[PDB]
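K.L.:
This is structure-v6.cif, which holds mmCIF, C-alpha atoms:
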data_model
#
loop_
_atom_site.label_atom_id
_atom_site.label_comp_id
_atom_site.auth_asym_id
_atom_site.auth_seq_id
_atom_site.Cartn_x
_atom_site.Cartn_y
_atom_site.Cartn_z
CA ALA S 1 25.85 -7.06 36.89
CA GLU S 2 25.99 -3.38 35.92
CA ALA S 3 28.59 -4.44 33.37
CA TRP S 4 26.56 -7.30 31.89
CA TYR S 5 23.47 -5.14 32.27
CA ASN S 6 25.23 -2.35 30.33
CA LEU S 7 26.45 -4.75 27.65
CA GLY S 8 22.78 -5.76 27.42
CA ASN S 9 21.70 -2.15 26.93
CA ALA S 10 24.22 -1.63 24.08
CA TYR S 11 22.94 -4.62 22.14
CA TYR S 12 19.39 -3.53 22.88
CA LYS S 13 20.10 0.00 21.61
CA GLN S 14 21.78 -1.49 18.53
CA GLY S 15 18.63 -3.52 17.88
CA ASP S 16 19.83 -6.99 18.95
CA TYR S 17 17.24 -8.22 21.40
CA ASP S 18 18.38 -11.85 21.28
CA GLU S 19 21.79 -10.73 22.61
CA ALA S 20 20.33 -8.06 24.90
CA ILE S 21 18.29 -10.80 26.54
CA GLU S 22 21.26 -13.13 27.07
CA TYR S 23 23.24 -10.40 28.85
CA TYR S 24 20.37 -9.03 30.92
CA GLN S 25 19.85 -12.64 32.05
CA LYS S 26 23.52 -13.07 33.00
CA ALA S 27 23.28 -9.85 35.02
CA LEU S 28 20.07 -10.97 36.73
CA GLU S 29 21.90 -14.16 37.69
CA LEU S 30 24.48 -11.98 39.47
CA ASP S 31 21.91 -9.52 40.91
CA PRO S 32 18.16 -10.36 40.71
CA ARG S 33 16.90 -7.38 42.76
CA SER S 34 16.66 -4.57 40.19
CA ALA S 35 13.19 -3.61 38.96
CA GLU S 36 14.97 -1.77 36.15
CA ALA S 37 16.80 -4.88 34.94
CA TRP S 38 13.65 -7.01 34.96
CA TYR S 39 11.79 -4.25 33.14
CA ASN S 40 14.37 -3.98 30.35
CA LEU S 41 14.56 -7.75 29.90
CA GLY S 42 10.80 -7.68 29.41
CA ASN S 43 11.23 -4.82 26.94
CA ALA S 44 13.79 -6.86 25.00
CA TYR S 45 11.22 -9.68 24.63
CA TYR S 46 8.54 -7.14 23.76
CA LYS S 47 10.62 -5.75 20.89
CA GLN S 48 11.48 -9.35 19.93
CA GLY S 49 7.76 -10.13 19.59
CA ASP S 50 7.30 -12.44 22.59
CA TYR S 51 4.63 -10.63 24.58
CA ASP S 52 4.17 -13.76 26.70
CA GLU S 53 7.68 -13.91 28.14
CA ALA S 54 7.49 -10.11 28.23
CA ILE S 55 4.55 -10.00 30.67
CA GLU S 56 6.39 -12.47 32.94
CA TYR S 57 9.28 -10.02 33.41
CA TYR S 58 7.23 -6.82 33.53
CA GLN S 59 5.40 -8.64 36.34
CA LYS S 60 8.55 -9.43 38.34
CA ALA S 61 9.55 -5.79 37.99
CA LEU S 62 6.13 -4.63 39.21
CA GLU S 63 6.54 -6.63 42.46
CA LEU S 64 9.86 -4.93 43.20
CA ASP S 65 8.30 -1.56 42.24
CA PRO S 66 4.41 -1.54 42.18
CA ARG S 67 4.45 2.24 41.65
CA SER S 68 6.36 2.17 38.36
CA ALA S 69 4.01 3.61 35.74
CA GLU S 70 6.28 2.60 32.86
CA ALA S 71 5.97 -1.07 33.78
CA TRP S 72 2.18 -0.87 34.21
CA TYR S 73 1.83 0.98 30.91
CA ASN S 74 4.25 -1.37 29.19
CA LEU S 75 2.33 -4.32 30.68
CA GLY S 76 -0.87 -2.95 29.18
CA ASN S 77 0.86 -2.49 25.81
CA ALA S 78 2.02 -6.10 25.89
CA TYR S 79 -1.63 -7.08 26.31
CA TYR S 80 -2.89 -4.44 23.85
CA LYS S 81 -0.50 -5.89 21.25
CA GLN S 82 -1.93 -9.37 21.95
CA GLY S 83 -5.57 -8.34 21.65
CA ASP S 84 -6.41 -8.27 25.37
CA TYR S 85 -7.79 -4.73 25.16
CA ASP S 86 -9.75 -5.40 28.36
CA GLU S 87 -6.81 -6.48 30.53
CA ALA S 88 -4.68 -3.78 28.90
CA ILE S 89 -7.30 -1.14 29.68
CA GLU S 90 -7.09 -2.19 33.33
CA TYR S 91 -3.29 -2.01 33.37
CA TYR S 92 -3.46 1.24 31.35
CA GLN S 93 -5.82 2.72 33.93
CA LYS S 94 -3.40 1.66 36.69
CA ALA S 95 -0.57 3.51 34.97
CA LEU S 96 -2.70 6.69 34.84
CA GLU S 97 -3.60 6.60 38.52
CA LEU S 98 0.20 6.70 38.92
CA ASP S 99 0.99 9.31 36.21
CA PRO S 100 -2.25 11.15 35.24
CA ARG S 101 -0.40 13.73 33.12
CA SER S 102 1.02 11.29 30.59
CA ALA S 103 -0.58 12.20 27.27
CA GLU S 104 0.59 8.83 25.96
CA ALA S 105 -1.32 6.70 28.48
CA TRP S 106 -4.52 8.66 27.88
CA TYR S 107 -3.97 8.38 24.14
CA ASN S 108 -3.29 4.66 24.32
CA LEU S 109 -6.34 4.18 26.52
CA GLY S 110 -8.49 5.89 23.90
CA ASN S 111 -6.84 3.54 21.38
CA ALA S 112 -7.73 0.44 23.41
CA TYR S 113 -11.39 1.52 23.63
CA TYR S 114 -11.51 2.57 19.97
CA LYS S 115 -10.37 -0.91 18.92
CA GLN S 116 -13.21 -2.40 20.97
CA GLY S 117 -15.86 -0.19 19.41
CA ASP S 118 -16.22 2.16 22.41
CA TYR S 119 -16.09 5.51 20.58
CA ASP S 120 -17.44 7.83 23.27
CA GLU S 121 -14.60 6.70 25.61
CA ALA S 122 -12.03 6.91 22.87
CA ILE S 123 -13.33 10.40 22.18
CA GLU S 124 -13.13 11.41 25.87
CA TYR S 125 -9.62 10.05 26.30
CA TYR S 126 -8.34 11.39 22.98
CA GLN S 127 -9.54 14.82 24.09
CA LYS S 128 -7.91 14.51 27.51
CA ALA S 129 -4.63 13.58 25.84
CA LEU S 130 -4.69 16.41 23.29
CA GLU S 131 -5.27 18.84 26.15
CA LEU S 132 -1.98 17.74 27.74
CA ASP S 133 -0.10 17.47 24.43
CA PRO S 134 -1.88 19.81 21.92
CA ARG S 135 -0.38 18.60 18.67
CA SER S 136 0.79 15.18 17.95
CA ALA N 1 -1.46 14.66 13.92
CA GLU N 2 -1.99 10.95 14.59
CA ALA N 3 -3.78 12.07 17.75
CA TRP N 4 -6.04 14.61 16.03
CA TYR N 5 -6.36 12.20 13.13
CA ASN N 6 -7.44 9.47 15.57
CA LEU N 7 -9.88 11.78 17.35
CA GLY N 8 -11.24 12.42 13.85
CA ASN N 9 -11.68 8.70 13.21
CA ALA N 10 -13.62 8.22 16.49
CA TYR N 11 -16.13 10.93 15.63
CA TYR N 12 -16.33 9.56 12.11
CA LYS N 13 -17.00 6.03 13.40
CA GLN N 14 -19.60 7.46 15.79
CA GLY N 15 -21.32 9.12 12.84
CA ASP N 16 -20.28 12.76 13.43
CA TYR N 17 -18.80 13.91 10.16
CA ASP N 18 -18.93 17.62 11.02
CA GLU N 19 -16.58 16.92 13.96
CA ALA N 20 -14.56 14.29 12.09
CA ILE N 21 -13.85 16.93 9.47
CA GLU N 22 -12.71 19.56 11.99
CA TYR N 23 -10.19 17.17 13.54
CA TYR N 24 -8.91 15.68 10.30
CA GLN N 25 -8.32 19.29 9.22
CA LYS N 26 -6.41 20.14 12.41
CA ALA N 27 -4.24 17.06 11.82
CA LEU N 28 -3.63 17.99 8.18
CA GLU N 29 -2.50 21.39 9.41
CA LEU N 30 0.14 19.60 11.50
CA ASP N 31 1.02 17.02 8.81
CA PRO N 32 -0.33 17.47 5.23
CA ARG N 33 1.55 14.55 3.64
CA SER N 34 -0.71 11.55 4.36
CA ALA N 35 -2.77 10.18 1.48
CA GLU N 36 -4.77 8.32 4.13
CA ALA N 37 -5.69 11.50 6.01
CA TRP N 38 -6.78 13.32 2.85
CA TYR N 39 -8.79 10.28 1.80
CA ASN N 40 -10.68 10.06 5.10
CA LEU N 41 -11.41 13.79 5.15
CA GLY N 42 -12.95 13.32 1.71
CA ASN N 43 -14.91 10.36 3.04
CA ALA N 44 -16.22 12.48 5.91
CA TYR N 45 -17.58 15.02 3.37
CA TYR N 46 -18.93 12.18 1.25
CA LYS N 47 -20.94 10.79 4.17
CA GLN N 48 -21.95 14.39 5.01
CA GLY N 49 -23.41 14.78 1.51
CA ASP N 50 -20.91 17.24 0.03
CA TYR N 51 -19.60 15.34 -2.97
CA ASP N 52 -18.01 18.55 -4.25
CA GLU N 53 -15.64 19.13 -1.33
CA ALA N 54 -15.25 15.34 -1.27
CA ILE N 55 -13.76 15.13 -4.78
CA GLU N 56 -11.30 17.91 -3.86
CA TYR N 57 -9.79 15.79 -1.08
CA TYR N 58 -9.96 12.43 -2.84
CA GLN N 59 -7.97 14.26 -5.54
CA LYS N 60 -5.24 15.48 -3.17
CA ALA N 61 -4.94 11.93 -1.86
CA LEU N 62 -4.65 10.55 -5.40
CA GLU N 63 -1.62 12.79 -6.10
CA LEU N 64 0.19 11.48 -3.04
CA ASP N 65 -0.85 7.91 -4.00
CA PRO N 66 -2.01 7.52 -7.69
CA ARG N 67 -2.15 3.74 -7.23
CA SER N 68 -4.75 3.75 -4.45
CA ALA N 69 -7.78 1.91 -5.83
CA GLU N 70 -9.98 2.93 -2.89
CA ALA N 71 -9.53 6.62 -3.71
CA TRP N 72 -10.20 6.09 -7.44
CA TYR N 73 -13.26 3.98 -6.68
CA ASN N 74 -14.43 6.43 -4.03
CA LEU N 75 -13.84 9.28 -6.51
CA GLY N 76 -16.05 7.50 -9.02
CA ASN N 77 -18.73 6.98 -6.35
CA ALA N 78 -18.67 10.68 -5.53
CA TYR N 79 -19.40 11.34 -9.19
CA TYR N 80 -21.86 8.43 -9.50
CA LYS N 81 -23.79 9.91 -6.56
CA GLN N 82 -23.86 13.27 -8.37
CA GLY N 83 -25.09 11.88 -11.68
CA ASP N 84 -21.77 12.00 -13.56
CA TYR N 85 -22.03 8.34 -14.57
CA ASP N 86 -19.61 9.04 -17.42
CA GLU N 87 -16.80 10.54 -15.33
CA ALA N 88 -17.50 7.95 -12.63
CA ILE N 89 -17.24 5.13 -15.17
CA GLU N 90 -13.81 6.45 -16.12
CA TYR N 91 -12.66 6.64 -12.49
CA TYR N 92 -14.33 3.25 -11.84
CA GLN N 93 -12.40 1.74 -14.74
CA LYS N 94 -9.18 3.21 -13.31
CA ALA N 95 -9.83 1.53 -9.98
CA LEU N 96 -10.27 -1.84 -11.74
CA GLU N 97 -7.03 -1.57 -13.68
CA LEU N 98 -5.55 -1.29 -10.17
CA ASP N 99 -7.66 -4.00 -8.44
CA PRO N 100 -9.34 -6.20 -11.12
CA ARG N 101 -10.59 -8.73 -8.56
CA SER N 102 -12.82 -6.35 -6.63
CA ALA N 103 -16.36 -7.64 -7.12
CA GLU N 104 -17.60 -4.28 -5.86
CA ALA N 105 -15.94 -2.16 -8.57
CA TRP N 106 -17.24 -4.45 -11.31
CA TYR N 107 -20.68 -4.39 -9.71
CA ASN N 108 -20.67 -0.62 -9.37
CA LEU N 109 -19.48 -0.28 -12.95
CA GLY N 110 -22.43 -2.36 -14.13
CA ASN N 111 -24.58 -0.05 -11.98
CA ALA N 112 -23.19 3.08 -13.63
CA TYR N 113 -23.93 1.68 -17.11
CA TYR N 114 -27.36 0.37 -16.08
CA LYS N 115 -28.36 3.86 -14.93
CA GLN N 116 -27.36 5.21 -18.35
CA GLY N 117 -29.40 2.66 -20.26
CA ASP N 118 -26.42 0.50 -21.32
CA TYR N 119 -27.80 -2.94 -20.42
CA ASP N 120 -25.41 -5.19 -22.34
CA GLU N 121 -22.47 -3.63 -20.40
CA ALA N 122 -24.33 -3.78 -17.12
CA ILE N 123 -25.03 -7.42 -17.91
CA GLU N 124 -21.36 -8.14 -18.74
CA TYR N 125 -20.07 -6.43 -15.61
CA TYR N 126 -22.75 -7.88 -13.32
CA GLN N 127 -21.71 -11.32 -14.55
CA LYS N 128 -18.00 -10.61 -14.03
CA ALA N 129 -18.75 -9.50 -10.47
CA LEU N 130 -20.93 -12.49 -9.58
CA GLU N 131 -18.14 -14.76 -10.80
CA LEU N 132 -15.79 -13.24 -8.20
CA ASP N 133 -18.43 -13.03 -5.47
CA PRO N 134 -21.11 -15.70 -6.26
CA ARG N 135 -23.90 -14.58 -3.96
CA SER N 136 -24.57 -11.13 -2.88
#
Could I get this structure in the form of structure tokens?
P.N.:
Amino acid sequence: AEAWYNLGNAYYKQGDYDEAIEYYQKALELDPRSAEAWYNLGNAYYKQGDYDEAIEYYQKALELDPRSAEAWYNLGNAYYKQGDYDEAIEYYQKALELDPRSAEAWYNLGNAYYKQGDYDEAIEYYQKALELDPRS
Amino acid sequence: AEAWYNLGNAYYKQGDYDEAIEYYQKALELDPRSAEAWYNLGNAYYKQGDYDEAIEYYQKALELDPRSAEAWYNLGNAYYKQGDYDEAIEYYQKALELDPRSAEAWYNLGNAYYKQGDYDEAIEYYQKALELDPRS
């Protein structure tokens, strides 16, 4: 599926999510056991704007690899981008338990709180993040 | 700077202009090309009571974006709040050429004239504003 999977990646990298999806799917038909493949198919939908179908695939990937921060963080983002700042905060927190030195997750967590009106948390998390990455 | 800029916003939203300023400044050090950043730093000073330093930053923002009504209107307000009803009227008029359907700018313009003793103008502008927004 590595071939279909790779053809998927090329289209994805070119910016053609519709096609990336089709090929990731073909490759999952031939080999449905890669957390990576499921993750990227979810990413393709994410970029395409379908956060619903995206969560479905980030979820399948999480089963195969529950310790993958990327998928937990990307799952939060899917929610964040849909307004579920609460469910995204949860998933964002999960990603940090896994990778607590990711300035991005801390930053995004502050963002999720900020958007809900929780400024003291946003402040705390924004500070944690800037510590790790001093100058975005 | 988006991170420092965002930390600035949080403090600003919490009501801590002294801190908002410090962080907006740090972010301008890292990226001095955002009209938005300059504008908010001016707003922080405005809220803090320093209309002088405020005009300086609303001015830098106006260079980067001469068509930003908000900054022209906020520049007038800075003046209005300092007694320069004449210079504020000018800047207020500029903001209306840009956004002539802002009930606020019309209202504030009537206010600036009213405070100078020009009641027929205040009357005209107050009426224009109420047309657009029938019931403050």
K.L.:
Write out as a ChimeraX atom specification each polymer residue whose atoms come within 7 Å of residue N:92, counting all atoms listed in the file; drop sequence neighbours fewer than 2 positions from it.
P.N.:
/N:72-73,76,88-90,94-96,105,109
K.L.:
Considering only C-alpha atoms, state which residue in the set N:1, N:28, N:129, N:10 is at the smallest distance from residue S:113.
P.N.:
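So, comparing all the options, the nearest one is N:10.
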K.L.:
What lies within 10 Å of residue S:66 using all atoms listed in the file, ignoring chain neighbours under 6 positions off, as a list in words?
P.N.:
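Near residue S:66, the qualifying residues are residues 35, 59, 60, 72 and 98 of chain S.
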K.L.:
With chain N as the partner and 12 Å as the cut-off, tabulate the residues of chain S that qualify, each row holding the nearest pair of atoms and their distance in Å to one decimal, using only C-alpha atoms, sorted by chain and rising number, as a tab-separated table.
P.N.:
residue	atom	partner	partner_atom	distance
S:103	CA	N:3	CA	10.0
S:104	CA	N:3	CA	9.8
S:106	CA	N:3	CA	10.7
S:107	CA	N:3	CA	7.4
S:108	CA	N:3	CA	9.9
S:110	CA	N:7	CA	8.9
S:111	CA	N:6	CA	8.3
S:112	CA	N:6	CA	12.0
S:113	CA	N:10	CA	10.0
S:114	CA	N:10	CA	7.0
S:115	CA	N:10	CA	10.0
S:116	CA	N:10	CA	11.5
S:117	CA	N:13	CA	8.7
S:118	CA	N:10	CA	8.9
S:119	CA	N:10	CA	5.5
S:120	CA	N:10	CA	7.8
S:121	CA	N:10	CA	9.3
S:122	CA	N:10	CA	6.7
S:123	CA	N:7	CA	6.1
S:124	CA	N:7	CA	9.1
S:125	CA	N:7	CA	9.1
S:126	CA	N:7	CA	5.8
S:127	CA	N:7	CA	7.4
S:128	CA	N:7	CA	10.7
S:129	CA	N:3	CA	8.3
S:130	CA	N:3	CA	7.1
S:131	CA	N:3	CA	10.9
S:132	CA	N:3	CA	11.6
S:133	CA	N:3	CA	9.3
S:134	CA	N:4	CA	8.9
S:135	CA	N:1	CA	6.3
S:136	CA	N:1	CA	4.6
K.L.:
Name the residues in contact with stretch 54-58 of chain S at a cut-off of 12 Å, using only C-alpha atoms, excluding same-chain residues fewer than 4 positions from it; report them as a PyMOL selection string.
P.N.:
chain S and resi 21+24-25+28+32+34-50+62-66+68-82+87-88+91
K.L.:
Work out how far apart atom CA of residue S:19 and atom CA of residue S:33 are and give it in Å to one decimal.
P.N.:
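According to the coordinates, atom CA of residue S:19 and atom CA of residue S:33 are separated by 21.0 Å.
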K.L.:
Any idea what the distance is between atom CA of residue N:102 and atom CA of residue N:61?
P.N.:
20.5 Å
K.L.:
Using atom CA of residue S:93 and atom CA of residue N:16 as the two end points, give the distance in Å to one decimal.
P.N.:
27.0 Å
